[PDB]
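Asks:
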Amino acid sequence: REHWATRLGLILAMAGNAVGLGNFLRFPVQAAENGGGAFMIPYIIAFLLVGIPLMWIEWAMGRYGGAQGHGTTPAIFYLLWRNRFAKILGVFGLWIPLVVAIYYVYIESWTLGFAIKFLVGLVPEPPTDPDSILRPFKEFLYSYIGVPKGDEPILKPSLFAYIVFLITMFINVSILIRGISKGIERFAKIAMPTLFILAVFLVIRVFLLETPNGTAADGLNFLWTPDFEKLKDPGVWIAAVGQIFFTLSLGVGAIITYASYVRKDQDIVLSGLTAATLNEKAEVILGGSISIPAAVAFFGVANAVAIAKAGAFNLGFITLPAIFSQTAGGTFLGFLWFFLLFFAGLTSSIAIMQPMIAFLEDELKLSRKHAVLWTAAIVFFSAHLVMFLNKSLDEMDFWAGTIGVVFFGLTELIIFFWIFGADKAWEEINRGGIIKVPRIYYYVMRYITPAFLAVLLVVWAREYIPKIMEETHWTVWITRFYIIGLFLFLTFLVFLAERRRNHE
Ligand SMILES: CCCCCCCCO[C@@H]1O[C@H](CO)[C@@H](O)[C@H](O)[C@H]1O
Ligand SMILES: CCCCCCCCO[C@@H]1O[C@H](CO)[C@@H](O)[C@H](O)[C@H]1O
Ligand SMILES: CCCCCCCCO[C@@H]1O[C@H](CO)[C@@H](O)[C@H](O)[C@H]1O
Ligand SMILES: N[C@@H](Cc1c[nH]c2ccccc12)C(=O)O
Ligand SMILES: N[C@@H](Cc1c[nH]c2ccccc12)C(=O)O
Ligand SMILES: N[C@@H](Cc1c[nH]c2ccccc12)C(=O)O
Ligand code: NA
Ligand code: NA
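Residues 5 to 131, 135 to 511 in the entry's author numbering are what the sequence shown lists, from first letter to last.
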């Protein structure tokens with residue numbers, strides 16, 4: 005079986021998986037919509053009681069399975085619990101990263117697309136007023152994506168947006184087809200430093216920003232001013248736990264597969280803890296010091312609220328681009344911005360596709376070349392539903408990316424720490440550990456963490472699913488139909504995998 009060459013590589017790869025567009029976009033927005041500085045209370049609490057606990061578990065499971073030639077949950081779940089229902093539940097852990105990938109690479113292709121357009125200075129040029140500046144860029148984005156102009160839920164991406172998507176896929180293939188060490192690990196060692204560098208620069212530059220409407224200091228101030236009255240709101244503790252789950256890429260299956268290439272006795276406690284720490288610093292320190300400070304510096308705190316409610320997407324692809332077109336060398340700044348995000352996405356998309364690759368290699372005995380190519384094929388084809396059908400992206404992101412990950416996280420906890428055996432799991436976690444997990448996490452993982460994930464799934468599902476299932480256009484069934492098919496497909500492959508094992 006393949007393995008990570010170095011300890012630095014492993015950590016950087018794992019960290020690259022967790023660091024994404026969310027670090028520089030979603031976090032700042034959430035933190036602002038949930039009490040600024042006060043949001044650090046439920047955020048930190050969730051990181052210690054959910055993020056870290058679950059993270060180690062996925063490392064543990066991943067490594068556990070890797071020692072037996074299995075890097076995916078259909079087999080790993082079976083190993084932790086020899087029951088056919090464990091194989092079916094394991095399929096769900098392979099379905100999620102596949103579906104997510106189907107829409108994520110495309111999203112990533114956007115950043116590469118914009119980075120290019122900005123680099124070469126092919127962008128809108130206002131003109135005065137905010138609406139006047141924003142509209143040109145709002146339309147710049149809409150033209151790229153192909154936002155519907157009619158009542159038909161049809162998207163029509165630009166030829167350029169399509170071609171860039173092909174290139175993005177090609178870049179992912181190039182890295183993946185070289186394997187774990189010479190491909191993923193190798194690229195991580197370059198991407199992370201480049202990422203960190205680009206972030207730092209952007210941080211410095213933003214702090215210099217001064218307009219009649221305000222400064223970067225105003226933005227940071229607003230963002231970090233604690234509103235201790237919002238902590239009462241349960242919806243805040245839900246946004247916090249959700250933000251941690253998101254930023255750590257938990258329940259997505261990526262971590263398990265990466266961890267399956269960790270040697271039988273190679274530490275996962277310190278390695279995992281460090282990987283997480285890296286992501287956190289990139290999120291709060293860097294991510295919180297760019298987008299929002301910039302938006303507030305340019306539009307004044309008078310719109311800090313509105314802009315925050317406008318969403319992370321608008322913030323990263325519309326508002327900031329517009330801000331850049333009004334600052335000195337802003338166009339080359341936009342480049343660095345989207346360049347930053349592209350590497351943020353890339354280090355995740357390669358991780359989000361490895362699971363499907365690992366399955367083909369481990370269970371169907373496909374060469375790495377064939378596995379990667381077929382995986383690229385499946386995702387590339389499937390992506391066309393996301394590119395051309397409006398709101399398909401949202402549907403996949405919901406069931407798989409959102410619902411799926413929280414449900415699966417709870418499943419992991421229970422199978423590992425309850426079915427498999429708490430003590431067995433605990434030793435399975437601490438074994439080979441450079442450092443040992445504080446004896447207190449035993450109870451956290453066994454009761455506290457599952458309890459949390461349950462409340463999150465439940466309290467949140469009550470005020471979520473009803474909408475999607477009722478207040479949506481009928482075309483959502485196209486997407487639901489397709490992704491359900493993918494689940495069937497994967498269930499079939501698993502069937503074929505277990506039949507092959509019996510034959511040999
Ligand atoms: C089925 C797998 C192969 C892809 C089938 C071709 C569909 C892609 O269609 C492409 O869409 C782009 C974006 O709207 C357009 O700009 C291009 O003109 C068009 O060729
Ligand atoms: C590598 C990324 C740049 C290459 C992609 C360029 C393709 C988009 O090029 C576009 O093609 C359209 C259809 O022919 C024309 O109508 C547009 O004028 C032209 O800009
Ligand atoms: C030099 C390598 C990169 C070439 C950049 C090609 C991408 C340009 O893309 C072009 O942008 C124009 C203005 O936004 C649009 O009007 C065209 O429809 C679009 O194809
Ligand atoms: N970790 C990503 C979010 C994320 C969660 N699961 C994923 C799966 C694939 C890609 C990204 C993700 C971020 O910080 O923004
Ligand atoms: N669905 C969320 C993003 C997301 C994906 N997976 C998640 C897990 C937890 C919280 C949020 C997410 C959004 O619309 O932005
Ligand atoms: N468990 C120790 C020693 C060890 C066992 N197997 C390893 C494989 C690689 C590196 C170290 C090890 C560690 O992770 O450091
Ligand atoms: Na992150
Ligand atoms: Na990444």
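For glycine and all other residues, C-beta sits at the position ideal for the given N, C-alpha and C.
At what residues does the alpha helix (DSSP H) containing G226 begin and finish?
Replies: Residue numbering aside, residue 226 sits at position 219 when the sequence shown is read from its first letter. Segment 223-231, the alpha helix (DSSP H) holding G226.
Asks: Per the DSSP calculation, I161 is bridged to which residue(s)?
Replies: As a first step, residue 161 must be located in the sequence shown, where it is residue number 154. DSSP lists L396 as partners of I161.
Asks: Can you check DSSP and say which residues form a bridge with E217?
Replies: Taking the first residue of the sequence shown as position 1, residue 217 is located at position 210. Partner(s): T222.
Asks: For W231, I'd like the list of residues in its chain whose CB is within less than 7 angstroms of its CB, leaving aside the five on either flank, ordered along the chain.
Replies: Here the question's residue 231 lines up with position 224 in the sequence shown. So the qualifying residues of the chain are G40, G41.
Asks: Just jot down, in chain order, the residues whose CB lies closer than 5 angstroms to any heavy atom of ligand 6.
Replies: The filter returns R270, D272, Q273, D274, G439, in chain order.
Asks: Let me confirm a value: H510 is counted as buried when at least 16 other C-beta atoms fall within 10 Å, else exposed. Which label applies?
Replies: As a position in the sequence shown, residue 510 is number 503, starting the count at 1. That one is exposed.
Asks: Enumerate in chain order the residues of its own chain whose CB-to-CB distance from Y169 is below 7 angstroms, with the five nearest sequence positions on each side excluded.
Replies: Working through the sequence shown from its first residue, we reach residue 169 at position 162. Excluding residues within five positions, none has a Cβ falling inside 7 angstroms.
Asks: Going by the CB atoms, is the gap between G97 and residue 132 shorter than 8 angstroms?
Replies: The model contains no atoms for residue 132, which sits in the stretch where the chain goes from 131 to 135 directly.
Asks: According to DSSP, is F235 helix, strand or coil?
Replies: By one-based count along the sequence shown, residue 235 stands at place 228. Residue state, collapsed to three classes: coil.
Asks: Kindly indicate which residue of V103, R5, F350 has the alpha-carbon position closest to the one of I385.
Replies: By 1-based counting over the sequence shown, the position of residue 385 is 378. Of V103, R5, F350, the residue nearest in Cα terms is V103.
Asks: Of all the beta strand (DSSP E) runs that stay within the bounds of the segment 408-485, which reach a length of 3 or more residues?
Replies: The segment 408-485 contains no whole beta strand (DSSP E) run of 3 or more residues.
Asks: What is the rounded straight-line gap between the Cα of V127 and the Cα of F147?
Replies: Looking up residue 127 in the sequence shown gives position 123. Looking up residue 147 in the sequence shown gives position 140. Between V127 and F147, the C-alpha separation is close to 8 angstroms.
Asks: Which one of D272, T264, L227 has the shortest CA to CA distance from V291?
Replies: Taking the sequence shown and counting its residues from 1, one reaches residue 291 at position 284. Closest option to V291, Cα to Cα, is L227.
Asks: Would a C-beta distance cut-off of 8 angstroms place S267 and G70 closer than the cut-off?
Replies: Your numbering for residue 267 matches position 260 in the sequence shown. Your numbering for residue 70 matches position 66 in the sequence shown. Contact flag set, yes.
Asks: In the segment 323-409, which residue ranges form an unbroken alpha helix (DSSP H) of at least 4 residues, counting only runs that do not cross its ends?
Replies: Listed in chain order, they are 327-331, 337-369, 375-395, 399-403.
Asks: Mind checking which residues open and close the alpha helix (DSSP H) that includes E112?
Replies: To locate residue 112, count along the sequence shown from 1; it is residue 108. Unbroken alpha helix (DSSP H) run through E112: 88-123.
Asks: Taking a cut-off of 6 angstroms, which residues have a beta-carbon closer than that to any heavy atom of ligand 7, in chain order?
Replies: Result: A22, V23, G24, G26, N27, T254, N286, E290.
Asks: Distance check for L52 and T498, CA to CA, integer angstroms please.
Replies: Mapped onto the sequence shown, residue 498 falls at position 491. Mapped onto the sequence shown, residue 52 falls at position 48. So the two alpha carbons sit approximately 35 angstroms from each other.
Asks: Label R67 either buried or exposed according to how many other C-beta atoms from any shown protein chain fall within 10 Å of its C-beta, with 16 as the threshold for buried.
Replies: For the purposes of this step, residue 67 is taken as the residue at position 63 of the sequence shown. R67 should be labelled buried.
Asks: First and last residue of the alpha helix (DSSP H) that includes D138?
Replies: For this step, residue 138 is matched to residue 131 along the sequence shown. First-last of the alpha helix (DSSP H) with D138: 137-152.
Asks: Report the CB separation of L348 from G323 in whole angstroms; it is logged as a contact under 8 angstroms.
Replies: Here residue 348 refers to the residue found at position 341 of the sequence shown. Here residue 323 refers to the residue found at position 316 of the sequence shown. Between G323 and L348 the Cβ distance is about 7 angstroms, and since that is below 8 angstroms, they are a contact.
Asks: Have a look at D369 and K474 and give me their C-alpha separation to the nearest angstrom.
Replies: In the sequence shown, counting from the first residue as 1, residue 369 sits at position 362. In the sequence shown, counting from the first residue as 1, residue 474 sits at position 467. Approximately 40 angstroms, taken between the alpha carbons.
Asks: Helix, strand or coil, according to DSSP, for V23 in the structure here?
Replies: As a first step, residue 23 must be located in the sequence shown, where it is residue number 19. In the structure shown, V23 sits in coil (DSSP, three-state: anything other than H, G, I, E or B).
Asks: Of the residues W114, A35, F144, which one's Cα is nearest the Cα of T326?
Replies: What you label residue 326 is simply residue 319 of the sequence shown in a count that begins at 1. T326 has its Cα closest to that of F144, out of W114, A35, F144.
Asks: Can at least three beta-carbon pairs, one atom from the segment 107-114 and one from the segment 441-449, be found at a separation below 8 angstroms?
Replies: Contact fails: fewer than three Cβ-Cβ distances are below 8 angstroms.
Asks: Write down the C-beta distance between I275 and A64 rounded to the nearest angstrom, noting that I regard them as a contact closer than 8 angstroms.
Replies: The sequence position of residue 275 within the sequence shown is 268, counting from 1. The sequence position of residue 64 within the sequence shown is 60, counting from 1. About 6 angstroms separates the two Cβ atoms, so the contact holds.
Asks: Helix, strand or coil for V248? Go by DSSP, reduced to three states.
Replies: As a working mapping, residue 248 is identified with position 241 in the sequence shown. Of the three classes helix, strand and coil, the one that applies to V248 here is helix, per DSSP.
Asks: Tell me which residue opens and which closes the alpha helix (DSSP H) that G66 is part of.
Replies: On the sequence shown, position 62 is the one that residue 66 refers to. Element bounds for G66: 56-70.
Asks: For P457 versus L500, is the C-beta spacing smaller than 8 angstroms?
Replies: Mapped onto the sequence shown, residue 457 falls at position 450. Mapped onto the sequence shown, residue 500 falls at position 493. Taking 8 angstroms as the Cβ cut-off, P457 and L500 do not qualify as a contacting pair.
Asks: Take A247 and list the residues in its own chain whose beta-carbon comes closer than 6 angstroms to its own, dropping the five residues that flank it on each side.
Replies: Numbered from 1 along the sequence shown, position 240 holds the residue referred to as residue 247. Here the set comprises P46, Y47, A50.
Asks: For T135, count neighbouring C-beta atoms within 10 Å of its own C-beta (all shown protein chains included) and say buried if the count is 16 or more, exposed if not.
Replies: In the sequence shown, the residue the question calls residue 135 occupies position 128. By the 10 Å Cβ count, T135 comes out exposed.
Asks: Between the Cα of residue 133 and the Cα atoms of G260, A309, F415, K271, which residue gives the shortest distance?
Replies: Note on the chain: numbering goes from 131 to 135 directly, and residue 133 within that interval has no coordinates.
Asks: Sort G295, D401, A365, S399 by Cα distance to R30 and report the nearest one.
Replies: Position 26 of the sequence shown, counted from the first residue, corresponds to residue 30. Comparing Cα positions, the closest option is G295.
Asks: Within 8 angstroms, do at least three Cβ pairs link the segment 375-383 to the segment 155-170?
Replies: Segments in contact, no.
Asks: Which residue marks the beginning of the alpha helix (DSSP H) containing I182, and which one marks its end?
Replies: To locate residue 182, count along the sequence shown from 1; it is residue 175. Where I182 is concerned, the enclosing alpha helix (DSSP H) stretches over 166-183.
Asks: Helix, strand or coil for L255? Go by DSSP, reduced to three states.
Replies: As a first step, residue 255 is located in the sequence shown; it is residue number 248 there, counting from the start. DSSP places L255 in coil when its eight states are reduced to three.
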